[PDB]
Amino acid sequence: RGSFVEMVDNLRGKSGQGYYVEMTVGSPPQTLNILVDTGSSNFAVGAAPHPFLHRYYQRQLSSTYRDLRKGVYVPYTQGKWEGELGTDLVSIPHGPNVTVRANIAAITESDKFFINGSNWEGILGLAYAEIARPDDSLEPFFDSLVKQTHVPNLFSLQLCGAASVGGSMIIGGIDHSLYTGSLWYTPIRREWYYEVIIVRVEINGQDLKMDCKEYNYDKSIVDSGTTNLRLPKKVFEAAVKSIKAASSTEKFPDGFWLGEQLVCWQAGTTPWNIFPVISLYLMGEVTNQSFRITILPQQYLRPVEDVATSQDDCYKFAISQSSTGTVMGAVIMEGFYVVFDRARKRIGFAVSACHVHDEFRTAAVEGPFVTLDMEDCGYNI
Ligand SMILES: CCS(=O)(=O)[C@]1(C)CC[C@@](CF)(c2cc(NC(=O)c3cc4c(cn3)OC(F)(F)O4)ccc2F)N=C1N
């Protein structure tokens with residue numbers, strides 16, 4: 001259709017707390033704010049009165065609730081949640097005009113999961129069944145939505161940064177007002193995470209000249225549920241070394257680059273221009289063809305507004321090292337309109353109409369480029 005006016009601006013959030021959509025669960029409808037997460041595959045909601053929660057799923061109030069009589073325990077690298085599986089009727093007030101019977105994990109115990117001060121009480125896992133918990137028989141929400149309705153097998157995300165954030169989750173299509181120029185598509189390598197292949201990395205146009213397999217060790221994913229651009233250790237080391245050299249006009253402590261401390265400047269006097277652009281070349285749709293996406297310091301140097309001990313403008317270096325491969329989190333996604341074209345196993349990138357930039361530099365999506373041996377960039381076990 002190309003125009004989904006009802007769904008524009010259906011995302012809200014706060015800096016560092018993520019992007020949530022309004023959803024309803026059960027009959028009569030119970031309203032919940034739900035984190036949009038392309039890096040997981042469970043629809044999981046608070047169902048107990050945790051003190052951090054504004055709202056929670058009260059199963060006893062729902063006539064359409066069905067118990068699946070099975071639990072689920074989900075440990076993460078930091079915290080944890082545990083829940084009871086069921087199904088109920090789910091809709092998205094500012095989404096398609098439909099109602100779906102979806103799997104819902106009713107969260108009954110958690111640790112370091114809900115954020116104190118956040119305005120969301122659940123997670124919408126938008127990735128594929130392969131990574132669903134406890135196993136791939138638990139149908140993810142979007143799979144149910146496509147199966148039960150005529151909603152096309154596609155969604156797109158415009159995450160708008162820079163303190164309230166906003167944006168759009170267009171379910172079933174693309175809204176052309178949300179981007180400028182053309183969309184460029186990269187293949188979904190495998191349907192588990194939204195896995196992609198990075199084929200080349202530039203800092204201010206200067207190639208890292210690394211074995212491209214390192215860029216995707218052990219994978220590269222697109223994840224709206226991650227803040228940072230997360231890079232594998234060796235790639236992070238090379239990237240930081242290059243960013244240091246590009247920004248050597250000013251010197252910063254080692255801890256800043258490791259995200260161990262913040263750096264603060266006098267109000268409205270951030271030297272963005274001293275900081276380099278970051279370009280990721282992604283595998284294209286065609287043999288030997290790639291395209292380039294480019295982000296600015298506006299994306300990777302992120303303001304920290306909850307600093308009581310300082311009066312200045314303080315920033316977090318939001319590129320970090322990873323043991324689980326590249327993660328293209330909000331640092332990447334805030335620059336772009338991202339199309340998760342499930343029907344065609346591809347992810348589209350275009351310059352976001354809402355991305356934060358200055359008058360000298362702009363986030364960019366450019367192609368085509370000639371890149372050989374792009375298949376060798378993918379990692380195999
Ligand atoms: C493999 C991906 S993962 O499964 O390990 C994981 C990174 C952690 C676990 C989970 C749920 F599965 C998860 C994510 C979050 N997000 C955020 O809080 C959050 C905060 C943000 C953001 C994006 N997001 O952009 C921002 F605006 F800058 O601020 C919170 C609790 C969770 F429990 N989702 C992922 N994508």
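Atoms within each ligand, like the ligands themselves, are counted from 1 in listed order. Along the sequence shown, the residues carry numbers beginning at 1.
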### Message
Under a 4.0 Å threshold between the charged nitrogen and the carboxylate oxygen, would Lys219 count as salt-bridged to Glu195?
### Response
no
### Message
Below 30° counts as parallel, above 60° as perpendicular, anything between as tilted: where do the rings of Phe349 and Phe291 land?
### Response
tilted
### Query
Would you say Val165 touches ligand 1, if touching means a heavy atom closer than 4.0 Å?
no
### Message
Considering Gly329, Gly39, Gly225 one by one, which has a heavy atom nearer to atom 17 (C) of ligand 1 than any of the others?
### Response
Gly225
### Message
If you compare all heavy atoms of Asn204 against all heavy atoms of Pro276, which two are closest, and at what distance to 0.1 Å?
### Response
OD1-CA, 3.4 Å
### Proximity of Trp81 to ligand 1 by residue part, where a heavy atom lies under 4.0 Å
neither
### Message
Is the contact between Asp223 and ligand 1 made by the side chain, the backbone, both, or neither, using heavy atoms and a 4.0 Å cut-off?
### Response
side chain
### Query
Is the closest heavy atom of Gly16 to ligand 1 under 4.0 Å?
yes
### Query
So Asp341 and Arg346, salt bridge (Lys or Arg N to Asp or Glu O under 4.0 Å) or not? Walk me through it.
CA-CA 5 Å; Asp341 187 354; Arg346 60 183 194 174; 2.8 Å; yes
### Task
Mind jotting down which residue pairs meet the salt bridge (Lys or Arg N to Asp or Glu O under 4.0 Å) criterion with at least one end in residues 136-158? Sequence neighbours excluded, please.
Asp143-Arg342
### Query
Any nitrogen or oxygen of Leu35, main chain or side chain, under 3.5 Å from a nitrogen or oxygen of ligand 1?
no
### Query
Between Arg302 and ligand 1, which part of the residue brings a heavy atom under 4.0 Å of the ligand: side chain, backbone, both or neither?
side chain
### Query
Should the proximity of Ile115 to ligand 1, defined as any heavy atom under 4.0 Å, be assigned to the side chain, the backbone, both, or neither?
side chain
### Message
Between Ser63 and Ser27, do the side chains contain a donor N or O and an acceptor N or O under 3.5 Å apart?
### Response
no
